[PDB]
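These notes are about the structure you will find just below.
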Amino acid sequence: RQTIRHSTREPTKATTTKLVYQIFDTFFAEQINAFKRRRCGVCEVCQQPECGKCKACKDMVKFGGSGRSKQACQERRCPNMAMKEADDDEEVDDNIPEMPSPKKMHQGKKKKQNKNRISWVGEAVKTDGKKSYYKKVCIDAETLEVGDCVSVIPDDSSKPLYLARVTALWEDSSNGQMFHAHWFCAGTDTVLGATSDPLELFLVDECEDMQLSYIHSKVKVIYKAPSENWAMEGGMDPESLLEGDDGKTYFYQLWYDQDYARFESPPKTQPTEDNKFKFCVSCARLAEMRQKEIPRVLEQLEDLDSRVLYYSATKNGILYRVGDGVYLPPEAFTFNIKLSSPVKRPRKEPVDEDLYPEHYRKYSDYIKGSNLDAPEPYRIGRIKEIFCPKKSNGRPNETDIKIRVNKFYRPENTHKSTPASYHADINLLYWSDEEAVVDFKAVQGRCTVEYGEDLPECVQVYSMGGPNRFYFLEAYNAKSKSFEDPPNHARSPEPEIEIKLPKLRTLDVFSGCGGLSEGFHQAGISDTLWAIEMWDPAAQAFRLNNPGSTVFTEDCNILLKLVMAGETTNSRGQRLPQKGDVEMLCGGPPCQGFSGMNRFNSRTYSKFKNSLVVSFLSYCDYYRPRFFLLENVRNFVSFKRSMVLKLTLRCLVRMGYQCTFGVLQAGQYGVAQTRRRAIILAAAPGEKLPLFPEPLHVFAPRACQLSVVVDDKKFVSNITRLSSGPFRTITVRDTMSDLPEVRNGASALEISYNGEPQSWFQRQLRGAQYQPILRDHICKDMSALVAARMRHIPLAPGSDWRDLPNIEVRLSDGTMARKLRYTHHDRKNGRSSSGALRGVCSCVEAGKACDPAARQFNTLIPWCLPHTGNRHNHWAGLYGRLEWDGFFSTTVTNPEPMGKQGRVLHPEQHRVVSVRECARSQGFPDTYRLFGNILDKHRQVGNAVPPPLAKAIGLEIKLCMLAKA
Ligand SMILES: Nc1ncnc2c1ncn2[C@@H]1O[C@H](C[C@@H](N)CC[C@H](N)C(=O)O)[C@@H](O)[C@H]1O
Ligand SMILES: [Zn+2]
Ligand SMILES: [Zn+2]
Ligand SMILES: [Zn+2]
Ligand SMILES: [Zn+2]
């Protein structure tokens with residue numbers, strides 16, 4: 001801010017461990033400021049013009065006075081005063097990712113060296129064809145045995161020096177004195193970049209045979225495994241095996257996946273007792289990958305005239321058998337039912353511009369084309385046959401595996417169309433005698449589809465019981481467009497039980513009201529015994545939902561200092577968590593202060609160096625939990641030239657943790673809301689690093705750009721579902737179609753649902769509450785003028801302020817709303833059809849200034865919008881209504897009609913979305929308790945992580961727990 005222009009503006013060292021501190025101390029040397037609440041210049045108060053008749057305005061320069069009391073006009077006490085939360089992915093700085101996959105680094109020509117003396121030492125130890133392997137070799141003085149590391153020189157100088165481990169030494173009668181090189185990857189070639197230790201290397205699946213003449217020199221490389229007491233080493237002082245070793249010698253401790261930015265513990269792959277002298281883990285693994293991805297049929301069950309049928313086939317590590325469920329692209333096949341195509345349009349008639357003067361501002365959006373709609377979910381079908389053609393001789397072709405399936409219908413696939421999806425379970429299907437033939441290769445995955453009546457338990461238990469589960473009760477006949485019982489051939493007929501490991505004691509920092517913990521708990525992997533939330537209202541709410549937890553309502557920095565000093569309890573008399581108590585650490589630290597993309601500064605970094613991110617990493621380091629989870633706004637991966645992301649990974653790698661990062665879209669996991677979150681996963685040395693959750697629901701493509709660029713390298717997660725998904729997208733209708741109509745200003749904290757749930761989504765969220773009570777279906781009370789605006793926004797899909805009628809209106813308070821007057825000729829936007837001007841200030845002129853007297857007040861159409869319209873894409877979305885078929889925007893923390901981030905009017909009712917509706921958009925069970933005043937509740941809901949999203953992530957961690965032997 002320039003000064004205090006009507007502004008009502010409202011130790012410092014973070015608690016760190018010596019390891020974390022030293023990692024961050026290295027950067028942005030200083031040798032060659034508390035948060036201030038701003039006001040949202042949008043509410044009907046900030047809009048208010050300085051009256052100039054009170055101690056405030058009368059104490060300013062404008063109204064005769066001294067600029068002493070910077071206090072703003074009294075008629076401008078912003079009720080929505082707020083801190084600028086970095087939770088602002090409002091930058092879309094990746095809407096056009098134009099890049100490939102990280103080309104296997106070492107791909108390139110190397111320089112042959114002129115070592116003048118290379119002679120085998122000892123006698124051969126094998127003779128596989130033209131290859132006679134040796135145990136040792138001697139080059140110009142130097143000596144090499146397998147297991148030793150060498151260095152090769154790239155031909156291109158734009159490439160670094162290569163380091164490799166010699167896994168074999170042999171001599172080929174056709175190539176000479178060879179060796180196998182298993183390449184290492186230097187830290188600066190990983191996402192860490194220049195933030196890594198200059199001596200640290202990482203293992204990668206890159207190797208190649210090569211002539212010993214390419215060897216440049218011998219190099220020492222030591223392995224740095226986790227100590228016996230790794231989990232207790234948190235907080236200790238930086239040790240050392242030896243100085244010449246970890247201090248001055250190349251070392252490594254982890255494996256690295258360049259495509260996924262995954263740092264993992266070294267593979268354990270074993271060597272058959274046929275290659276203990278020529279084993280290469282890389283080849284071993286690469287061999288697994290090539291074989292794990294060759295669609296191949298197995299046992300056969302019949303040999304016919306033109307093709308042979310098999311009982312099962314395997315593709316991508318998954319075994320497919322006849323009768324199984326399979327996922328197919330929407331292109332795989334069509335349904336007999338003709339996808340109806342609409343015709344005609346409105347009976348030709350333009351809009352009345354005298355009445356709707358700001359409607360022309362909608363043409364730019366229109367012509368600019370509309371953004372793509374969510375893809376169709378997967379086609380689903382039962383495997384009837386698995387067959388291979390027949391070679392031009394008589395033998396089955398395996399390079400071509402085909403599958404004949406039964407087409408399953410989704411309710412929306414029948415003649416009933418989309419409306420059929422409204423009340424149907426998301427996993428409800430219909431059997432069909434329609435068949436299709438596709439290439440096994442087209443299969444996207446395996447799924448379970450069972451006849452509901454023969455299930456050993458109810459539909460709900462079966463659905464909440466496992467991934468990719470579908471069911472059917474009736475069959476569908478497209479020809480007669482009728483519903484009949486399923487045939488008998490449509491029924492059934494190493495499966496054990498459902499092992500349930502104990503929950504991990506979880507410490508959730510910056511817990512907010514609990515979204516993240518709720519989802520984790522729902523995944524059945526955790527029990528948040530300890531939470532930290534400095535903001536009281538949200539801390540109270542966490543208490544309400546987790547009676548068995550210990551909630552600390554204080555700066556996360558004070559508690560950690562206590563435990564580090566040896567304290568076991570705190571001033572309030574609460575028991576502090578100690579090493580061994582925390583098995584999992586999760587949280588979302590605020591990034592306020594360094595939310596910009598611009599590079600770090602010497603000053604701007606000294607503050608980040610003491611930010612909550614460093615404090616959170618300190619917690620991770622000290623407690624050394626089994627699994628670490630850091631969630632944040634998508635842009636966490638970009639802030640400050642990605643240094644925030646690189647230093648966070650760098651710090652985890654230094655701790656010896658396995659770690660990765662990724663970006664997820666919440667809408668892909670069950671909510672009718674767009675919200676991308678950055679996710680950093682870390683896992684203990686003896687754990688299995690989790691994978692990111694594969695999308696469950698199809699969602700708008702433009703909202704699903706998940707890739708990330710760091711220092712010109714593109715990273716993606718393990719996610720393979722990029723076009724379709726198992727379930728249809730969840731809409732606003734799915735979210736709140738069942739809610740009782742309330743009015744602007746609703747305050748009844750407890751009302752009746754007055755009806756039954758309608759959508760599958762609603763069924764899940766209202767739960768199995770004995771005496772169901774609809775809570776918090778309350779919404780902000782808008783001024784008589786704002787309310788008037790809302791009731792005048794059409795219900796037609798995509799209506800907003802640009803649809804308001806320029807008419808005089810009496811208000812609920814009694815005053816009259818005047819018409820907006822077009823006073824200046826805007827040469828850019830022209831005139832209306834009748835000849836009316838379109839400008840509302842002098843600025844629409846040639847550079848001209850803003851005649852302060854040109855401002856208008858209390859006009860249905862807000863003067864400010866056409867005023868600055870041309871420079872904000874016509875403020876599309878303001879006073880806009882949510883669409884029943886659409887989704888919420890990143891759930892607002894304080895719904896405002898003219899708020900940038902705000903497209904918040906209810907689909908049909910003339911009000912802004914209620915607290916409960918917002919909680920629905922986040923996936924919170926209707927029984928989830930919130931605490932505080934209405935604005936406090938909105939904040940709670942909005943800052944939280946959507947449970948469905950955290951649940952998905954939680955299930956990935958669960959898989960790792962079950963896999964640990
Ligand atoms: N120094 C601090 N110590 C503890 N909590 C803080 C601190 N600074 C901010 N917070 C709280 O951190 C939270 C950040 C939230 N956006 C996180 C929400 C959370 N992941 C959820 O699912 O509900 C807010 O509730 C803040 O009030
Ligand atoms: Zn305001
Ligand atoms: Zn005043
Ligand atoms: Zn190899
Ligand atoms: Zn102006």
Side-chain angles (χ1 to χ4, degrees), residues 40-49 350-365 744 782-817 819-820 822-826 828-844 850-882 895-899 902-906 909-912:
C40 68
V42 298
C43 79
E44 202 57 21
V45 180
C46 292
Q47 298 296 287
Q48 291 305 302
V351 53
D352 178 24
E353 301 175 49
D354 296 309
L355 189 54
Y356 305 112
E358 288 312 331
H359 171 281
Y360 71 105
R361 285 191 143 78
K362 278 198 162 193
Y363 187 49
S364 62
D365 278 25
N744 173 210
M782 309 307 284
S783 82
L785 171 56
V786 170
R789 280 173 182 146
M790 297 194 278
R791 77 169 180 275
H792 283 277
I793 299 290
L795 299 181
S799 300
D800 65 20
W801 82 272
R802 289 169 287 169
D803 293 292
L804 290 170
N806 193 32
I807 62 182
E808 194 160 52
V809 183
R810 201 186 319 158
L811 302 181
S812 307
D813 66 342
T815 76
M816 199 69 141
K819 280 193 182 180
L820 184 64
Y822 295 88
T823 62
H824 302 274
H825 171 49
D826 182 306
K828 306 197 167 194
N829 294 316
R831 298 218 259 170
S832 86
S833 300
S834 56
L837 303 190
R838 278 169 172 165
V840 297
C841 193
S842 306
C843 46
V844 298
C850 300
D851 176 352
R855 176 186 254 192
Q856 304 182 49
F857 309 81
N858 298 293
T859 47
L860 203 59
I861 297 189
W863 177 79
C864 59
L865 302 194
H867 182 193
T868 70
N870 302 311
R871 294 188 161 184
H872 294 282
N873 196 55
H874 308 311
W875 291 110
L878 282 60
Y879 274 99
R881 287 176 184 282
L882 288 168
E896 276 294 342
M898 290 216 273
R903 167 73 162 296
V904 302
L905 303 191
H906 178 278
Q909 297 169 56
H910 313 303
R911 57 182 182 68
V912 297

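Residue numbers start at 1 and run along the sequence shown.
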- Of all the heavy-atom pairs spanning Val904 and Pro897, show the shortest one and how long it is. CG2-N, 4.0 Å
- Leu860, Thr859, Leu865, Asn858 screened by side-chain contact (heavy atoms from CB on, under 4.5 Å) with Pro862, the one that passes: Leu865
- OG1 (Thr868) and NE2 (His874) are apart, to the nearest 0.5 Å, by 11.0 Å
- Task: Before giving the answer on side-chain contact (heavy atoms from CB on, under 4.5 Å), spell out for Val351 and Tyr360 the whole-Å C-alpha distance, their side-chain angles and the decisive distance to 0.1 Å.
- Result: CA-CA 9 Å; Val351 53; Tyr360 71 105; over 6 Å; no
- Item | Basic-acidic side-chain contact under 4.0 Å: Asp803, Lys362 | yes
- Query: For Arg789, what residues pass the salt bridge (charged side-chain N to carboxylate O under 4.0 Å, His left out) criterion, not counting sequence neighbours?
  - Reply: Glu44
- Message: Would you say that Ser834 contacts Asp354 through its side chain, given a criterion of any heavy-atom pair below 4.5 Å between the two side chains?
- Response: yes
- Stepwise side-chain contact (heavy atoms from CB on, under 4.5 Å) check, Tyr822 with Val840: CA-CA 5 Å; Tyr822 295 88; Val840 297; 3.9 Å; yes
- Query: salt bridge (charged side-chain N to carboxylate O under 4.0 Å, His left out) with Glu353: which of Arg838, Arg361, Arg831?
  - Reply: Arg838
- Message: Rounded at 0.5 Å granularity, tell me how far CG in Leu785 sits from CG in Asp813.
- Response: 8.5 Å
- Under a 4.5 Å cut-off applied to non-hydrogen side-chain atoms, are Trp801 and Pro866 in contact? yes
- Message: Any non-hydrogen side-chain atom of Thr823 less than 4.5 Å from a side-chain atom of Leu837?
- Response: no
- Under the salt bridge (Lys or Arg N to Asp or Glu O under 4.0 Å) rule, what pairs show up with a residue in residues 852-874, not counting sequence neighbours? none
- Output, in order, the C-alpha distance, side-chain angles, deciding distance and verdict of side-chain contact (heavy atoms from CB on, under 4.5 Å) for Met790 and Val912. CA-CA 8 Å; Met790 297 194 278; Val912 297; 4.1 Å; yes
- Query: When rounded to the nearest 0.5 angstrom, what is the spacing between CD in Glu896 and SG in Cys40?
  - Reply: 5.5 Å
- Task: Evaluate the ring planes of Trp863 and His867, with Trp represented by its six-membered ring, and classify them as parallel (under 30°), tilted (30 to 60°) or perpendicular (over 60°).
- Result: tilted
- Query: Roughly how far apart are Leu811 CG and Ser783 OG, rounded to 0.5 Å?
  - Reply: 8.0 Å
- Query: Just by distance, do the side chain of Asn744 and the backbone of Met782 share a donor-acceptor pair under 3.5 Å?
  - Reply: yes
- For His910, check side chain to side chain donor-acceptor pair (under 3.5 Å) against everything at least two apart and list the hits. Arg881
- Starting at CG of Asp826, measure out to SG of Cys841 and round the result to the nearest 0.5 Å. 11.0 Å
- Any side-chain heavy atom of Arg791 sitting closer than 4.5 Å to one from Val809? yes
- Item | Minimum-distance pair of heavy atoms, taken over all atoms of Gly41 and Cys46 | CA-CB, 3.7 Å
- Item | Least distance between heavy atoms, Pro805 atom then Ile861 atom | O-CG1, 4.4 Å
- Message: One pair to check against side-chain contact (heavy atoms from CB on, under 4.5 Å): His824 and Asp851. What are the steps and the verdict?
- Response: CA-CA 11 Å; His824 302 274; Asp851 176 352; 5.6 Å; no
- Item | Electrostatic pair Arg802:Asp800 at N-O distance under 4.0 angstrom | yes
- Heavy atoms, side chains only, cut-off 4.5 Å: are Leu804 and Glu358 in contact? no
